[PDB]
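Asker: okay, here's the opening piece of the assembly, coordinates as they are in the complex:
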Amino acid sequence: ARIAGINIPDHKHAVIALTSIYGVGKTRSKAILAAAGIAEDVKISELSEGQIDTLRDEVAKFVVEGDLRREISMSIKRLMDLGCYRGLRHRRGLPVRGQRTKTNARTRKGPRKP
Amino acid sequence: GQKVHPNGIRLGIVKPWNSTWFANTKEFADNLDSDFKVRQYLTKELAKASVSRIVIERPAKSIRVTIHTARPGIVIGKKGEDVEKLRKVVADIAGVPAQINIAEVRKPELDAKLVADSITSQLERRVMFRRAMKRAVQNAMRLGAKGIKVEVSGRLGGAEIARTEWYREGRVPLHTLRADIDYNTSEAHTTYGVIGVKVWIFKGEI
Amino acid sequence: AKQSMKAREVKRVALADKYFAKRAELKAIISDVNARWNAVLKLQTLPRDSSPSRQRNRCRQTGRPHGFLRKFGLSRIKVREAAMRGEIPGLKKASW
Amino acid sequence: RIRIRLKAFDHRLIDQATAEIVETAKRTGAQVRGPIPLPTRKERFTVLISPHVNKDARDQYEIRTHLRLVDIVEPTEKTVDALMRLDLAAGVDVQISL
Amino acid sequence: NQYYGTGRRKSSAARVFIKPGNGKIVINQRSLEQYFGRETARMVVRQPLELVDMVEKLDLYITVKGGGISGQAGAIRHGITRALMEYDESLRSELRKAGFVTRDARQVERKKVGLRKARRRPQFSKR
Amino acid sequence: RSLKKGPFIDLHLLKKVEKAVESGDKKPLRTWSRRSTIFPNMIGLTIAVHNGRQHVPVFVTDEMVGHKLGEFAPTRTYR
Amino acid sequence: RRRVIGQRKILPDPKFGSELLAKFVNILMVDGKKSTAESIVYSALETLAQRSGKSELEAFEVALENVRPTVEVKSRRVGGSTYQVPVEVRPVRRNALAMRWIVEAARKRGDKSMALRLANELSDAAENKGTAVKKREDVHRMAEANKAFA
């Protein structure tokens, strides 16, 4: 089921499947179950109607999918358009966590640019 | 450069420490500093005193400072004058009741530090570097001992290129822990360059 | 060693004691959860070098800021140099 | 009922101080607990030997802090002072406690 | 009557108490299996036993500490075979014949300086 | 920015910036306390932050507060 | 070199008691995890011994009988040229190599769990079916094809 949108995890346990929802990890997923009244081993797919209904209803609290990936980029901009070292880093494809650039950074900049 | 320090590699056996005194981690650190301050002063104020060793014991807030000089007379002075003089300074330099006992010497020609400190002095006196070597050796080997090895560093004769001199008589097994060797050095500050000196005196095995 | 620097350390020592020793407490005091006082938190501005985390030990003998051993209070070098002449008690070539 | 923390750098020395405290204390009443050894704490010291570069050099030293327990049972009036009449050796260290 | 056997290997100190009676085995105040049960360990302990009858031979009191799994097991086996000599100084010849009386002088090597693990020499590559 | 509880700043900028609050905006503020957090009092003020070379015309802004006057003045020159 | 070691005596198989089987477990063993090894050797040694119906060490032996090389080439740098010369493999080596090949090939059988893989490869071997036997074929073909130097 859409649950939060598109994402339709099946077979996998409710917990490990719920995580598929863009914006939740082992924590948010493991809690949403009990909080809603669902086991862990329970297969989201095999689950009965209500056993999937509450999910959506409760996951509506925390932000997910779009909104997240959406506003998440806004926060990145807020500082970029600001002009602080942080933002400045992004508009330069350089690490903000204060790492070393002279070496190791392929994840930030990318593969060699010889 | 190799060869481990003998007196150091023997600090456990056949060779006693030069500062036997207990102390905990806290003040152990500062405890050495004073040990250091007193030594240099006791060494400067006692130039031609011909002192070789200078043990240092630290009992209950007290200090020992046992000097092993070849010329005690001067170290003593007029009725213990010189000695008494030093004692006060030490106590002040260490900030505690310090003492000072004198120790004679079993022939200077057989003591490391002495033979060294001396052999070096001669150099400053513009004496044939080579002569001093053999001279000091001859005596040591004569007054006893079973082995000796003098070694003068570089810049001998004032050559543009420094070169270490050798020479040594008798057996000097530095590899034998159970050999006991009187080793000591002394730098000779020449008119144009320092000149290290190392003396190896083997008295007896066990 | 650098004489200038060698003395530089000393000053920072006295200051730290002659001041913060009996003043730095302010932190756990007006600058801690009791009544945390922006005012008192702005007062600390005056000593500076009085801070403890400003020393560098340095070799008592020489002054090597690096090679150091709290125990002997000397630099990695001097330790070995002196330890060999038996100037340091109970210290000898360790092996096992 | 009185403990004696004996600490020396070399066993040769410590043993003497111990055998001494016990020796005299044996003829002043107390039966004494006994010259117990206890584990020896040995601080090690690894340090570069060569100046500048040559990390694969280094040199190791150590300090074996020997100790004894002693502790005299059934103390005595004279016994206590009997220790003042005997307390030397700079290499050793005592710490009489309860 | 009752016998005792030290036994130790790889810094593993063990204490055995050879005592006549069926064949109980209690290590560290616990069952032989409650320590090495269903493990390739509770076999070596019986080795000296299985070699000269057990289960219906006698019961010992094991008290081992220091070391590890294989350490404990191996250690105990030593104490046992050791104490056995007390009950009968003859069976030794056989115990020894099977490499028992001996003590594994094998011990972890101290990490030498310069190396990376007592022997592991870090690659220098560039020659 | 971790400072647990208590936005820290240097006394200098404070006594100086406060004057600006009343006297109103005007010339910059030659300051080196780039490690001090920006406050809403200096909001849109004429400040100046050092960076090894010299000072830079730093002006406070709405959201530009919980930050340090320094994270707005780049130091190292890069192409 | 001058040294003259030999065959480091190995502890006999626990659940059985066969020296050969023992070393087979070591070859498969990894990270000094001897227990984990046995937990895999037997599990697979059983799932197979079952099918074959006969005792493990039999189905085990048969499997090896195939993956058993008799000769191999030995590099030789004589005369500025590395001539590949074959030679009959000693008895002890024969069993070793076989076991090594079996595991090394079984480990990369893309199955689900090591155990299952081992079991399969062990079977295929008993009838020149798996990769284990394959190796021996390529190795044996190396020889003869160099019999000239032989």
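Answerer: Good, I have the coordinates. Numbering: from 1, shown residues only, chains lettered A, B, ... in the order given.
Asker: Can you list the strands that the helix or strand containing residue B:151 pairs with?
Answerer: Assigned by DSSP states H and E, residue B:151 belongs to strand B:147-152. Sheet pairing for strand B:147-152, assigned by DSSP bridges, gives strand B:168-170 (antiparallel), strand B:197-202 (antiparallel).
Asker: okay, those strands in JSON lines with mean neighbour count and distance to residue G:140 next?
Answerer: Placement of C-beta: from N, CA and C, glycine included. Below are the strands paired with strand B:147-152 laid out as JSON lines (neighbours: other C-beta atoms under 10 Å in any protein chain shown; distance: least, C-beta to C-beta, whole Å):
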{"stretch": "strand B:168-170", "mean neighbour count": "16", "distance to residue G:140": "69"}
{"stretch": "strand B:197-202", "mean neighbour count": "24", "distance to residue G:140": "69"}
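Asker: Tell me which residue of chain C lies closest to chain A.
Answerer: residue C:53 (21.5 Å; C-beta to the nearest C-beta).
Asker: In a helix, that residue, correct?
Answerer: No - per DSSP: H, G, I helix; E, B strand; the rest coil, residue C:53 lies outside any helix segment and is coil.
Asker: Kindly report the residues of chain D close to chain B.
Answerer: D:7-9, D:88, D:90-93 (C-beta under 8 Å from any C-beta of the partner chain).
Asker: Which stretches in chain B count as helices?
Answerer: Taking DSSP state H, the helices of chain B run over residues B:6-9, B:25-44, B:72-76, B:81-94, B:112-124, B:129-142.
Asker: Which one of those helices lies nearest to residue C:76?
Answerer: Minimum separation from residue C:76 across those (C-beta to C-beta) falls at helix B:25-44, 14.6 Å.
Asker: circling back: mind checking the strands paired with strand B:147-152 for the one nearest to residue G:9?
Answerer: Using C-beta to C-beta, the strands paired with strand B:147-152 put strand B:197-202 closest to residue G:9, at 50.5 Å.
Asker: how much does the closest one deviate in direction from helix B:129-142?
Answerer: 20 degrees (axes from the mean of the first three to the mean of the last three C-alpha atoms, to 10 degrees).
Asker: Off-centre distance for strand B:197-202?
Answerer: Strand B:197-202 sits 11 Å away from the centroid of its parent chain (C-alpha atoms, centre = their mean, to the nearest Å).
Asker: for stretch A:38-48, same thing?
Answerer: 21 Å.
Asker: Pull out the buried residues from the helix ranked longest in chain C.
Answerer: Ranked by residue count under DSSP H, the longest helix found in chain C is helix C:3-18. If you call a residue buried by 16 or more other C-beta atoms under 10 Å in any protein chain shown, then helix C:3-18 has these buried ones: C:12, C:15-16.
Asker: Flag every residue of chain E that's near chain D.
Answerer: Counting by C-beta under 8 Å from any C-beta, the residues of chain E near chain D are E:113-114.
Asker: Which residue does chain E have closest to chain G?
Answerer: residue E:40 (5.3 Å).
Asker: I'd guess residue G:117 is in a helix, am I close?
Answerer: Yes - Residue G:117: assigned to a helix according to three-state DSSP.
Asker: roughly how far apart are it and chain C?
Answerer: 46 Å (C-beta to the nearest C-beta, to the nearest Å).
Asker: and residue A:58, how many neighbours?
Answerer: 16 (other C-beta atoms under 10 Å in any protein chain shown).
Asker: which residues touch the closest residue to it other than its chain neighbours?
Answerer: Computed as C-beta to C-beta, 6 or more residues apart in numbering or on different chains, the closest residue to residue A:58 that is not its neighbour in sequence is residue A:36, at 4.7 Å. By C-beta atoms under 8 Å, 6 or more residues apart in numbering or on different chains, the contact list for residue A:36 reads A:54-55, A:57-58.
Asker: Which of these fall within helices?
Answerer: Residues of the contacts of residue A:36 located in helices (DSSP H): A:54-55, A:57-58.
Asker: include RNA strand H as well:
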RNA sequence: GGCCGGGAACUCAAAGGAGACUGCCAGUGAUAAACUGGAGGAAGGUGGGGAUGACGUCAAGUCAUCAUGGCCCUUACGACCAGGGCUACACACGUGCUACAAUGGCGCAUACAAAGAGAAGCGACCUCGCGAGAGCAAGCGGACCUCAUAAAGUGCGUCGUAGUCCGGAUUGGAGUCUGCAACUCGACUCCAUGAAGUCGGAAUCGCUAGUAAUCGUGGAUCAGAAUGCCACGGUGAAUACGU
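Answerer: That brings us to RNA strand H, laid onto the chains above:
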């Protein structure tokens, strides 16, 4: 509950001593040295490992530890202060850590160790906190107390070979603590994000046994920045014809 008397046996602690010499046996070797096995024994062939590095070689390294001949700087190459830089990044090379998973991941249960550190320290107990951590405050200068409830492992269960409950980089939001001071540039916690990576060319490195491999533990430096260094123990291989 060694908990209590009590017991000095045992483990241990730590000072002294015994023990291994090719000493003994036989064989090869000239009836030598030796070598090869065997006995006895905890250990056998300089038992294992340290420490110990000849005469000298490289005008090898270090005037930045220190010392020093000479030469230079002496309102300046000297001295002080704040901020910045030494953490720059389009690159390349060496040394490492963690991965690519099922000899594994994850959950729960749960067993065995060594060696060390500590009054400006180690810091429990209990209280609060998702957690880092905070409050209160005992004990220990230490086989008493604390750091400290080892990891692999063993049981059970789940996962199902998937770029996958693999792997964690990156980054976003919010916080703890150290120190005047965490922008530049600290460590860590929480939620979220979840890259590359599917065992790596030519070439190349270490290691012959408690070694390799693997798994944890402590310390020095130190307010606060270890995957480094030094050190400890658990588990525990393969192979050696031959030059």
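Asker: Once more for the neighbour count of residue A:58, now including RNA strand H?
Answerer: Neighbour tally, residue A:58, other C-beta under 10 Å: 16.
Asker: Verify the stated contact: it with residue A:35.
Answerer: Yes - Residue A:58 lies in contact with residue A:35 (C-beta atoms under 8 Å); the separation is 6.1 Å.
Asker: hey, where'd the strands end up in chain G?
Answerer: G:71-77, G:82-88 (DSSP state E).
Asker: Determine the set of other helices and strands touching the last one.
Answerer: Under the contact definition 3 or more C-beta pairs under 8 Å, 6 or more residues apart in numbering or on different chains; DSSP states H and E, strand G:82-88 sits against strand G:71-77.
Asker: With the first one instead?
Answerer: Applying 3+ C-beta pairs under 8 Å, 6+ apart, one finds that strand G:71-77 contacts strand G:82-88, helix G:131-142.
Asker: try 6 Å this time
Answerer: Packing contacts for strand G:71-77, counted by 3 or more C-beta pairs under 6 Å, 6 or more residues apart in numbering or on different chains; DSSP states H and E, involve strand G:82-88.
Asker: count of residues packed around the closest residue to chain D within chain A?
Answerer: Residue nearest to chain D within chain A: residue A:103 (21.5 Å; C-beta to the nearest C-beta). Burial measure for residue A:103: 7 neighbouring residues, criterion other C-beta under 10 Å.
Asker: Secondary structure element holding it?
Answerer: Going by DSSP H and E, residue A:103 is not part of any helix or strand.
Asker: Quick one: name the residues of chain B near chain D.
Answerer: B:20-22, B:57, B:59 (C-beta under 6 Å from any C-beta of the partner chain).
Asker: Export the residues you listed to CSV and append columns for neighbour count and distance to residue B:176.
Answerer: Converted to CSV, those look like this (neighbours: other C-beta atoms under 10 Å in any protein chain shown; distance: C-beta to C-beta, whole Å):
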residue, neighbour count, distance to residue B:176
B:20, 21, 24
B:21, 21, 29
B:22, 21, 31
B:57, 18, 29
B:59, 17, 35
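Asker: Which ones, among those residues, also lie beside chain C?
Answerer: Okay, of those touching chain C (C-beta under 6 Å from any C-beta), that's B:20-21.
Asker: any idea which of the residues of chain B next to chain D is closest to chain A?
Answerer: For those, the nearest to chain A is residue B:22 (48.6 Å; C-beta to the nearest C-beta).
Asker: Neighbours of the closest residue to that closest one other than its chain neighbours, how many?
Answerer: In space, residue B:22 comes closest to residue D:93 once its chain neighbours are excluded; the distance is 4.4 Å by C-beta to C-beta, 6+ apart. Using other C-beta under 10 Å, the number of residues around residue D:93 comes to 19.
Asker: quick revisit: Serialize the strands of chain G to JSON lines and add fields for mean neighbour count.
Answerer: Formatted as JSON lines, the strands of chain G follow (neighbours: other C-beta atoms under 10 Å in any protein chain shown):
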{"stretch": "strand G:71-77", "mean neighbour count": "14"}
{"stretch": "strand G:82-88", "mean neighbour count": "14"}
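Asker: could I get those as TSV with distance to residue C:30?
Answerer: Shown next, in TSV, are these (distance: least, C-beta to C-beta, whole Å):
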stretch	distance to residue C:30
strand G:71-77	82
strand G:82-88	84
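Asker: contacting residues for the residue in chain C positioned nearest to chain F?
Answerer: Chain F sits closest to residue C:45 of chain C, with a gap of 4.6 Å, by C-beta to the nearest C-beta. Contacts for residue C:45 (C-beta atoms under 6 Å, 6 or more residues apart in numbering or on different chains) come out as residue F:11.
Asker: for residue G:115, same thing?
Answerer: G:40, G:43-44.
Asker: measure it to residue G:122 for me?
Answerer: Per C-beta to C-beta, to the nearest Å, residue G:115 is found 11 Å from residue G:122.
Asker: so the residue nearest to residue B:22, which of the three states?
Answerer: Note that with three-state DSSP, the state of residue D:93 is coil.
Asker: sorry, back to before: with chain B in mind, check whether the longest helix of chain C reaches it.
Answerer: No - judged by C-beta under 6 Å from any C-beta, helix C:3-18 stays clear of chain B, getting no closer than 13.2 Å.
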